[PDB]
Structure formats: structure tokens, C-alpha cells
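Following: one structure in C-alpha cells, then a few remarks.
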Amino acid sequence: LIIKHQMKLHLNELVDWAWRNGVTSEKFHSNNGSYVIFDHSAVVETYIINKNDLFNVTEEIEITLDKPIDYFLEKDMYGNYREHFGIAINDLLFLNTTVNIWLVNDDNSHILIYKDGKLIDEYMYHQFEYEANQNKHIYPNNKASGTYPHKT
Amino acid sequence: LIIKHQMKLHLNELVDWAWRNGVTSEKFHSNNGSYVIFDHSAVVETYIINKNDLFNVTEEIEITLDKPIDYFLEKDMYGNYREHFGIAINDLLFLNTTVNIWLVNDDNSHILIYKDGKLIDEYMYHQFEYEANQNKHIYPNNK
Amino acid sequence: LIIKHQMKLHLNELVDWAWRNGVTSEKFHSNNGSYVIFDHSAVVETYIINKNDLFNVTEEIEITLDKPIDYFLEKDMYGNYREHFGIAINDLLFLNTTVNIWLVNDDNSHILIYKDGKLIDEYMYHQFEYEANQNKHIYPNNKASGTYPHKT
Amino acid sequence: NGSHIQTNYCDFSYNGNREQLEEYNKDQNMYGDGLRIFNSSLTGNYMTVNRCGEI
Amino acid sequence: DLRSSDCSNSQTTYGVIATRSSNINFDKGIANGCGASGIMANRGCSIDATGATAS
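Taken in sequence, the protein lines are chains L, K, L', F and D. A prime marks a further copy of an entry chain. With the entry's author numbering, the residue at position 16 of the first sequence is 16, and numbering never jumps. With the entry's author numbering, the residue at position 88 of the second sequence is 88, and numbering never jumps. With the entry's author numbering, the residue at position 132 of the third sequence is 132, and numbering never jumps. So the mapping is simple: the entry's author numbering equals the position in the fourth sequence, first residue as 1, plus 222. So the mapping is simple: the entry's author numbering equals the position in the fifth sequence, first residue as 1, plus 333.
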């Protein structure tokens, strides 16, 4: 169960993500045409990069029982709701009692991943990911934060 | 606020749902190619509808603080989760500390409807950006 | 102890009952002349079936100690009353203390089935079934919900 | 790799997952596909490609 | 077809140009820093650049 996740990151977030998920050599372009070049997992050359510049990066999050999940919500068969941070699903002491497990997406939106004793397949997960936060209005805000740097 | 949920119902559940939420004339299909036809809210034709056949139906639910909700889940600021049945959102005794409210969708799915004192449509979900104006600066060129 | 139970079911209830109590091939007629044909336990041909159409079906409910009973009420020898859902009479931990057991019929009407340590025979059960809800007035309501479908 | 395939009046049917996936559901694992051609020239008419799992 | 190409930093003249009634699919390409306009379509040609970036 591997899920593509495309996001836009500032320079600090992009550098952090690149160093955590090792990149040997790659050039990342930004919203405003600035670029940063990683060579041998070390920053080498950066163009004129202003604040609020957005870089597009796609990361794969894979949801499996054995690997840890950053934030999930578990419902016992008795009716108790608990939340667990950064532990695998199998790491629960008594997985026998657990009925449902929902991933949490930092938007306070729950996506069902574990029901009826088995993981949710990829396509039902896509359906639930669309379905969880339908009426999510994002604030519209645009600032150019740049101008053609050279004298032309 | 309109919430759209897709569900899978057998023939009996499909018939009950269709007659409960009036449908005049339309054809429902299933996985195995079997179909049922409603015409003027009457089951005119069925075509080899075995058991364990799942008809996929989309359902529209209007969500409003005054209107009661069949089954929802509320989360306070501290972390306590509770579930309520047949109670309007405004009816809750303690809305002061209620941070989030999801709607349990009978599939064990969860749909956010209430976030930080407002319905989810009214909330605006501010992004993040460092505060700064345009650079508007001339830089040397390396060419 | 097998009890015939004749009832009138809508299309959804009839389909559910037919699929639970497997019917290989049979045609069910309705109140208003519409019919549904099951062939190989699959719905094949349905005439013009309106809402509120009533189909007559007779189902056998058998009351035995070993098989589960959906809803019954038990009185201990001490004087405690308890209710059990969907378990057999023998499934009680201490059947020794139990004095009386009454079936419940969704009308809040109790019928004695177990007294003096033994099941109630069929004829006494019929007597109690007549006797339990004598003055039960049902709301009279009639709507045709149909008209000769064809142009004639 | 530039092959040339001449297949007139032929049949390429059921080459894939078609026997298993659900009907009227666009979001499911479609696998297997008959008559795949990359950078190649094919000249075949009157064929019959029915019920392939994918393209 | 340049589905996700990176054609940029041209020292002179347009980074990506299609001309004389041709077609290009620059679905998500990147054309930044070119000596002239990054993407150009001339003389009755078509270009698809939905996710593209010129800057």
C-alpha cells in the first residue's frame, strides 16, 4: 500500500526532506524559477531563492501493519477510542480487541485504513482519501515575492 | 453544507434506500452485470440479481447545526473522544471544549464536518508563509 | 416445537427473507397481483411492484433448548429478571437457578416457553400465544397504492 | 525495438485480468493487456481483441 | 511527447519551440532561465503545457 503524496515545500522544508530521504544528486526547481542542486547529498549551487518559494516534491508513504505510522486512531471492541503516535499497528499489545484504525492527516481528517481485521486496499484508500475532507476550503493568498533579478 | 458518500448496498438494502429516498425512474447496476430498474418508483425489471451483489449508490446528506445527525463523533481539546446518535450539533451540552466533529458514515469511515468552532465549509485553513514583501532588488548576473 | 408464522413482507423484506432461508426456485405473488420469481436463488423476473406491496410468507420458528433464541427473559429462583439476546437456553451459565423463561415477540408480549424445568409443549404454547396479547388493537390504514398498469 | 508484426484475421482475447475485475467500476486494479506495440509497425485487419484485462 | 521533461537554461533563444504546424506534449515540463521565452508555439502549431513552469 504505497501512496504518492505531492507537496510544495519552502527551502528549509525541502532541504530537510532531501536529507532525511537521501538524494544522491538532483536539481529541484521552484515556483519562481529558482533552483537548488544537490550533489553527493550536499547542497552545492543555489540560484536566487526568495522566501515563500515553493518546490514541488512527491514522497511515497506506505501503510503497512509492520512499519510505524506517525498518527493513528484506534477503536476497541468495547467502545474506547485511543490515539497512538509513531508506532506500528502490530505494536499494539492486544490487536485482538481493535476493531477500526484510522490514519490522521494533520487536518483532523480521519481515513480508514484498518477494518474487519484486515488492511484497506489501495483503491478503497483512495476513495476514503477523497471522501474524508470534501468541503475543505483553503485560504486564497497570493504574493509574488519576486521580480526578474537582473538589470535587463 | 452537502456531504456526498458512496456506499455499496445489496438488493434489499438498495430497494429500501431507493423507496426511502424517492427515485422516479433510473437503473441501478451491480458488479456482476445484474441490474434493477425503477420506473415511477416501481421495480419494473430485474436481471439475474444473485446474492452478495453490491450496487454502488451515491448519497447526499445535508449537514447543518440545527438538523440532527444520525451518528457523529466529537473530540474535545484534551483528547477525549465520544460518539452521539440522533442529536443535532447545536444540541451538545458542552460545545465550549468540543474541538472536532466527524460524521460516522456506517462504513466506519469518518468525514470532518466541524472544526474549531465552525462548520468545515466556514473554516478557511490558513497555510504558512514567512511574511515579506517583494524583493524588487537588482542582482548581479553570472553569464 | 415448530411454530408456523405467517407474515406479510414488503419487497425488501421478502428478498432478505428469501436469501437468508435459501429458496432454489419459487414465485411469490403480492397483495396487488405483482410477483417476483426466484430462480437458482437469484431474482430473475419481477412484475410491476409498487411500494407497500405485501407478500405472504410462512416461516417456521422452532423453539428448542439447544438452538439459539433471539430474545428471551429469564427469572432466577432468587427473584432476578434478566434478558438474553440470541443465545440458546442451554448456553446460560447456571440453568439450575432459572425458574421461568418467556420468549419475547417484539410487541413487548411474553409467551411462557420454559417452566418447572421443562419446555412448554406445542399446544400450551399455542394457548399462551393466543393469551399473551388479547386486546391488541392494530391501527387500521388502507391505501391502494396502485391502479391497473396497462392502458386497456 | 522496431519489429514488424503482420497479424491479419487473428484473435487476441481474454489476455489479462478481465475475468475477475468488477463491472461499472473505473477505480480498480486493471492488469494485463493484449497486443502491446512499442516503436513497431503492425499491419493487421479484421482482428478480434475482446475482454482484455487492460488496453 | 515530453511528459515531464526539463528543458531550461538555454543560453539564447527559446527553451522549447514548436513551429510549422507541429505538436508537442509538454505536460509538466520546466523551462526557466532561458535566454528568450521559455515556451513558444509558432505558425499554427499546438503545445500542451498544463503543469508546466516558465520563469
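We treat Cβ as the ideally placed atom computed from N, Cα and C, and that holds for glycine.
- Interface flag for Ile-372 (chain D) against chain L is unset, since no Cβ pair is found closer than 7 Å.
- Between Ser-341 (chain D) and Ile-363 (chain D), the beta carbon gap of about 5 Å places them in contact (Cβ cut-off 8 Å).
- Of L:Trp-102, L:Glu-59 and L:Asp-91, the smallest CA-CA separation from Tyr-81 (chain L) is found for L:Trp-102.
- Using a C-beta cut-off of 8 Å, the region 105-112 of chain L makes contact with the region 125-137 of chain L, since at least three inter-stretch Cβ pairs fall below that distance.
- Residue environment for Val-43 (chain L): exposed (fewer than 16 other C-beta atoms within 10 angstroms of its C-beta).
- Taking the Cα positions, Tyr-246 (chain F) is about 46 Å away from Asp-66 (chain L').
- Around the beta carbon of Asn-50 (chain L), 16 or more other beta carbons sit within 10 angstroms, so the residue counts as buried.
- Counting C-beta pairs with one atom in each stretch, the region 227-235 of chain F and the region 138-149 of chain L' have fewer than three that are closer than 8 Å, which means they do not touch.
- Taking each of K:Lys-75, K:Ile-61, K:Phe-85 and K:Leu-95 in turn and checking the Cα distance to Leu-1 (chain K), the smallest one comes out for K:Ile-61.
- Here the region 111-125 of chain K makes contact with the region 85-102 of chain K; the two share three or more CB pairs at distances below 8 Å.
- Counting along the chain, the unbroken beta strand (DSSP E) around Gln-6 (chain K) starts and ends at 2-9.
- The region 13-20 of chain L' and the region 28-43 of chain L' touch, with three or more beta-carbon pairs separated by less than 8 Å.
- If the five residues before and after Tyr-347 (chain D) are omitted, its C-beta is found closer than 6 Å to the C-beta atoms of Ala-369, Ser-370 and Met-373, all from its own chain and listed in chain order.
- Taking C-beta atoms under 8 Å as the contact rule, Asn-356 (chain D) and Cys-378 (chain D) qualify, at a distance of about 7 Å.
- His-5 (chain K) has a beta carbon lying at 7 Å or more from every beta carbon in chain F.
- Looking at the DSSP output, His-110 (chain L) shares a beta bridge with L:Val-104.
- Shown here for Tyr-123 (chain K): same chain residues with a beta carbon closer than 7 Å to its own, the five before and five after excluded, namely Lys-115 and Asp-116 in chain order.
- With a cutoff of 7 Å on beta-carbon distance, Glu-74 (chain L) and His-5 (chain L) are scored as not near each other.
- Within a 10 Å sphere around the beta-carbon of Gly-366 (chain D) sit 16 or more other beta-carbons, which makes this residue buried.
- Among the residues facing chain F, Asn-50 (chain K) is not included, as its CB has no counterpart in that chain under 7 Å away.
- The beta carbon of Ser-109 (chain K) sits closer than 7 Å to some beta carbon of chain L.
- At least one CB atom of chain K sits nearer than 7 Å to the CB of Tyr-246 (chain F).
- At least one CB of chain F lies nearer than 7 Å to the CB of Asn-31 (chain K).
- With 16 or more other CB atoms across the displayed protein chains lying within 10 angstroms of its CB, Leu-9 (chain K) is buried.
- Taking the beta carbon of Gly-366 (chain D) as reference, the chain L residues within 9 Å of it are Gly-33, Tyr-35 and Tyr-47, listed in sequence order.
- CA-to-CA, the gap between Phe-28 (chain L') and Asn-56 (chain L') works out to about 8 Å.
- A buried status is given to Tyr-47 (chain L'), since no fewer than 16 other beta-carbon atoms sit within 10 Å of its beta-carbon.
- Within the same chain, Cβ atoms closer than 7 Å to the Cβ of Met-252 (chain F) are found at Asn-239, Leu-243, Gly-275 and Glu-276, the five residues on either side in sequence being excluded.
- Collapsing the DSSP output to three states places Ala-132 (chain L') in a helix.
- Boundaries of the beta strand (DSSP E) around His-84 (chain K): 81-88.
- At least 7 Å separates the CB of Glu-62 (chain K) from every CB of chain L.
- Per DSSP, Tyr-71 (chain K) is one residue of the beta strand (DSSP E) stretching across 68-76.
- Look at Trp-17 (chain L'): its C-beta is not under 7 Å from any C-beta on chain K.
- For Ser-263 (chain F), same chain residues with a beta-carbon under 6 Å away, outside a window of 5 residues either side, are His-226 in chain order.
- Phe-94 (chain L) is classed as exposed because its beta carbon has fewer than 16 other beta carbons within 10 Å across all chains shown.
- Membership of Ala-374 (chain D) in the beta strand (DSSP E) is indicated by the continuous run 372-374.
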